[PDB]
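Report on the structure
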Amino acid sequence: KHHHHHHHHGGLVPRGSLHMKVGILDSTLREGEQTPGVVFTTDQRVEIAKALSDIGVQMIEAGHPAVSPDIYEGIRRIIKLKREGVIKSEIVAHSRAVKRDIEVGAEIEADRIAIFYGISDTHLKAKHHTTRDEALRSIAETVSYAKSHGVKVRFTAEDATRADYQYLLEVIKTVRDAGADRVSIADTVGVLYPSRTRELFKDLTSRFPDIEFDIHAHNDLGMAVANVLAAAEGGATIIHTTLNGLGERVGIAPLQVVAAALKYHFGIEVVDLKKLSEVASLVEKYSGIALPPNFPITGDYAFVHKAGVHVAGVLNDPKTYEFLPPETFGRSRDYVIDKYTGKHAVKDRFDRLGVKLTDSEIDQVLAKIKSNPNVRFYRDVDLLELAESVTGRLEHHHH
Amino acid sequence: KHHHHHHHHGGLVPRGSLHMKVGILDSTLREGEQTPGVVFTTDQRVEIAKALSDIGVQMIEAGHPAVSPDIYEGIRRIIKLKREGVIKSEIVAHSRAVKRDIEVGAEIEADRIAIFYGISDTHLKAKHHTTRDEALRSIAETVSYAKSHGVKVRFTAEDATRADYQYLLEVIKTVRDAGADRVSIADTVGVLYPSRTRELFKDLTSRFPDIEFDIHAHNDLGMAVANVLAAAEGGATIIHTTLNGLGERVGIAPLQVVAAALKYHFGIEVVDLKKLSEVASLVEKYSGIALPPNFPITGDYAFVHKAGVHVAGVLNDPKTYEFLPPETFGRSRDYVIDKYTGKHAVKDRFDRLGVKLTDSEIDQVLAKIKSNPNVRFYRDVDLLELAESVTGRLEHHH
Ligand SMILES: CC(C)(COP(=O)(O)OP(=O)(O)OC[C@H]1O[C@@H](n2cnc3c(N)ncnc32)[C@H](O)[C@@H]1OP(=O)(O)O)[C@@H](O)C(=O)NCCC(=O)NCCS
Ligand SMILES: CC(C)(COP(=O)(O)OP(=O)(O)OC[C@H]1O[C@@H](n2cnc3c(N)ncnc32)[C@H](O)[C@@H]1OP(=O)(O)O)[C@@H](O)C(=O)NCCC(=O)NCCS
Ligand SMILES: O=C(O)CCC(=O)C(=O)O
Ligand SMILES: O=C(O)CCC(=O)C(=O)O
Ligand SMILES: [Zn+2]
Ligand SMILES: [Zn+2]
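Residues numbered from 1 in each chain as written, not as in the entry; some residues may be left out. Chains lettered and ligands numbered in written order. Heavy atoms only, no water.

- For this deposited structure, the header cites X-ray crystallography as the method used and 1.9800 Å as the resolution.

Take a look at the structure:
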């Protein structure tokens, strides 16, 4: 059900509402550990990998084993758990285009080796100190070398979204010929525009039908989610994510939001939607970066209503202010009470507390609530005290 | 292999040059006989149906049996040939939403009955004198009745492209529930804009995955070909054509152009491309309507070059001025000579004629050619006379 292969889809569902394929690669353990201030222990890494396997992630990028001894050891443990059937996702190891990295990737027995290289002109010049042609040779050699160990090879075209497009096409032919079966198109600095992303992937998939494409999208301009969905429309079959929007700088497409947007817009369930909160909370614990309360899907406030008009509507039909039911994600709605509330919301909360107030008493409590501008919420004890102030009586709920 | 089922495709081929499907329904025998001044005899109908089958058309719309006794007889003969396996295409009979048309369509044993009804506001009011709700009931009953005879049913939404879209969706739900497996979307007056056609079919195919859609596109604004390719982009699996642009008023999408355009842009071959000229000619003969010389693909001049600069280029590499090789369609290139010519062209024609002239003599001939403003063609006899007039030698087998 929450399996570890591709999910069939048909693109966007109809307005006012299966030949294509898509799945998740989660990079919490690679991209995600490149977040300033974030490091994971080996045990933490392993615990996260198991959680990602359990919710049905297709691929886990477990790290770049040359980076440090602990990353090597965490990847090894994960591959061992995979070999034992405890973990079921495909395990990907990252690699520079250097023989050493590749040999290490091969020796730990990863399912896939992802070789990256920067193929924009700034990267070729400033980062690699190389020419277009020399880069083509290095990439061909390293991809072939990795292939010859009998492991599947992805090539990541770093800064592809600012690269010369003709060169990008040449890069892809090169790595295809050298044995790569997947190419990741990396929007390294988050500058893709969604409608253009769709076009890009439509073009690439039409040109290279023997290759499957990944989208790796950074959120520098706040459009990572929209870019990954657009890529999927265009035929990308793997979307890279991290839990909680972890990664370099502002991070990449966040798993919980991507998964929800794919459910709503494409009608598919690429991971266990009901377990997003639990996995997000786990990563939050080990990463030490708190999710803001406004984070989509898993955020504290995602299904919390405030304005009186909204709460009144929700009490009649939650769909009025809820894009999908909270239960879709294993959550429940709530509402808060402050000076923005109204009579229906206040009545409903008193009803929950078992306190019967008259219509005019409700008016008086509402007026008292609205008389103070700088109170952030009214807790039940506050509301009980307000009622007492109106009834003169000592005022049953189990929470 | 020019078989008689759907052809697989993947939409447009990449810039700088399989989950979808498409095939041809040719309506030369139905829509095409609705061209002013065109009628076919029963014999000619049968012979056109055979040629349509031979080139690999998926569906032949062989006529509307209720219209006349000779149409009824032609269809009956076509169906007999289908039974005998001479004709292999699916045979479609047209029908109004009237019990008699349907019984008759059932009675001749057509493979499919196509019931049409006008679902735009002007059609409902001025032509059917009915309401949206009544139309729905009539359409439901008639489709159901046709389906109860155990025959496949297409519903044609006439004037769909100017109908209320919400109503069109209700129409399609209605006929689908009544048992229609195909719906034809008719751009009856040719007002579809191509990019909007793609969107229309994309939307309809996503909403009704258990129906296949046809496009029937008229050429009133010259965009029938662009419209049918756009419909195919969007998921239409049947494109309606006629040979030679036959049909009411200005006709519908012409088979030879649709077939070429699909080959170039989608990379597929939905009929035998090398037989297009032959079938166009046959239909030209029986319709009595000549194709203009500029008609694409099969026209006299489709692969005939004129300007000196073009002919010089083509003589070095024909691809310079040919979208695809003429042999694609079993044809050959040519060029003409008039005041627009140049030295490479004139030299080449003399070579064909076996006449050896010096460059100086070519220049003189060329100057004489360019001195006659109103000579339409220098035919070979004329060229031989020009060469004789320059060389003083005998030069002049056609
Ligand atoms: C990999 C790592 C151990 C290398 O450390 P290092 O050898 O001290 O090198 P530096 O970090 O100073 O990085 C630059 C070197 O890598 C090279 N390089 C960068 N990307 C490369 C690639 N895709 N293929 C080959 N070489 C690459 C640079 O040209 C440079 O080489 P140089 O030492 O000859 O100048 C270290 O950078 C690291 O731990 N990085 C974290 C992982 C990471 O950077 N991931 C990048 C994802 S794009
Ligand atoms: C079909 C046929 C013989 C009808 O002849 P007719 O009975 O003398 O009627 P007319 O052609 O004058 O008028 C059409 C009649 O059919 C009705 N009609 C039109 N389209 C219809 C449809 N899709 N379903 C049912 N009835 C329809 C009209 O309301 C009108 O009815 P009326 O007689 O009550 O006014 C005759 O119109 C004919 O041969 N037409 C050629 C085929 C044709 O018209 N094809 C159109 C494809 S869109
Ligand atoms: O391997 C990938 O797809 C992404 C590499 C990366 O982090 C980037 O270039 O942004
Ligand atoms: O049957 C069809 O598909 C087309 C009907 C027709 O004649 C039209 O509306 O143009
Ligand atoms: Zn990245
Ligand atoms: Zn028509």
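What to know about the overall build of chain A
- Looking only at helices and strands, chain A features 14 helices and eleven strands.
- The dimensions of chain A, computed from C-alpha atoms along their principal axes, are 85 × 45 × 40 Å.
- A buried classification covers 53% of the 399 residues belonging to chain A.
- In the form shown here, chain A has an accessible surface area of approximately 18,300 Å², with 51% of it arising from carbon and sulfur atoms. (Helix = DSSP H or I, 4+ residues; strand = E, 2+ residues; numbered from the N terminus. Buried < 20%, exposed > 50% of the residue type's maximum accessible area, 1.4 Å probe, protein only. Areas by Shrake-Rupley, 256 points an atom, 1.4 Å probe, with all protein chains shown as cover.)

Description of the overall build of chain B
- Along its length, chain B carries 14 helices and eleven strands.
- Taking the principal axes of the C-alpha coordinates as reference, chain B spans close to 85 × 45 × 40 Å.
- Looking at chain B residue by residue over its 398 residues, the buried ones come to 54%.
- Just so you have it, chain B exposes about 18,300 Å², and 51% of that area is on carbon and sulfur atoms.
- Side chains of chain B give 51 positive and 55 negative charges; the mean places of these two sets differ by 2 Å. (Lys, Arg positive; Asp, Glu negative; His and termini not counted. Charge placed at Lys NZ, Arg CZ, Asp CG, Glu CD.)

A look at the side chain of B:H64
Residue and element names in this part refer to chain B.
- Within the secondary structure, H64 sits in the loop between β3 (59–63) and α2 (69–83).
- Reaching out from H64, the side chain makes a polar contact with the side chain of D101 at a distance of 2.8 Å.
- Dropping the residues within four chain positions of it, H64 is found in contact with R30, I71, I75, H94, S95, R96, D101 and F116. (Polar contact = N/O pair within 3.5 Å; in protein donor to acceptor, adjacent residues only side chain to side chain. Contact = heavy atoms within 4.5 Å.)

Concerning the coordination of the zinc ion (ligand 6)
Residues and elements named next belong to chain B.
- Coordination of the zinc ion (ligand 6) by the protein comes from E31 (OE), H216 (NE2) and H218 (NE2), over a distance range of 2.1 to 2.3 Å.
- Around the zinc ion (ligand 6) sit four donor atoms; with metal-centred angles ranging over 87 to 159°, the donor geometry is irregular.
- Of note, the donors binding the zinc ion (ligand 6) are all from one chain and are spaced E-x184-H-x1-H. The exposure classification of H216 matches that of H218, with both residues buried. (Donors = N, O, S within 2.8 Å, 3.2 Å for Na, K, Ca; no water. Tetrahedral: all angles 85-135°; square planar, octahedral: opposite > 155°, others 65-115°.)

Examining the pattern of salt bridges
Residue and element names in this part refer to chain B.
- Evaluated as defined, the whole model comprises 57 salt bridges over all chains.
- Its salt-bridge partner being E73, residue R76 comes within 2.8 Å of it at the nearest N-O pair. Here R76 pairs with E73, and both are found in helix α2, just three residues apart, close to one helical turn.
- Take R76: its relative accessible area is 34%, and that puts it in the partly exposed class.
- Ionic pairing is found between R182 and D214, a salt bridge with its closest N-O pair at 2.8 Å. (Salt bridge = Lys/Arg side-chain N within 4 Å of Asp/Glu carboxyl O.)

Details of the site of ligand 4
Residues and elements named next belong to chain B.
- Around ligand 4, the surrounding shell consists of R30, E31, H94, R154, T156, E158, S184, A186, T188, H216, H218 and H240.
- Within the contact set of ligand 4, an oxygen atom lies 3.0 Å away from a side-chain nitrogen or oxygen of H94.
- A distance of 2.8 Å separates an oxygen atom of ligand 4 from a polar atom in the side chain of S184.
- Protein burial of ligand 4: of its 300 Å² of free accessible surface, 94% is covered by the chains.
- Within the residue set of the shell around ligand 4, elements represented by two or more residues are β6 (152–158) and β7 (182–187).
- It is β6 that contributes the most residues to the shell around ligand 4, three residues altogether. (Near = heavy atom within 4 Å.)

Considerations on the interface of chain A and chain B
- Across the contact, six residues belong to chain A and six residues belong to chain B.
- Approximately 560 Å² of surface area, both sides summed, lies buried where chain A meets chain B, with 48% of it carried by carbon and sulfur atoms.
- Joining chain A to chain B, the criterion identifies zero salt bridges.
- Between chain A and chain B we count three residue pairs in polar contact in total.
- Grouping the constituent residues of the side of chain A that touches chain B by class yields one nonpolar, two polar and three charged. (Buried area = accessible area lost by both parts, 1.4 Å probe. Nonpolar A, V, L, I, M, F, W, Y, C, P; charged D, E, K, R; others polar.)

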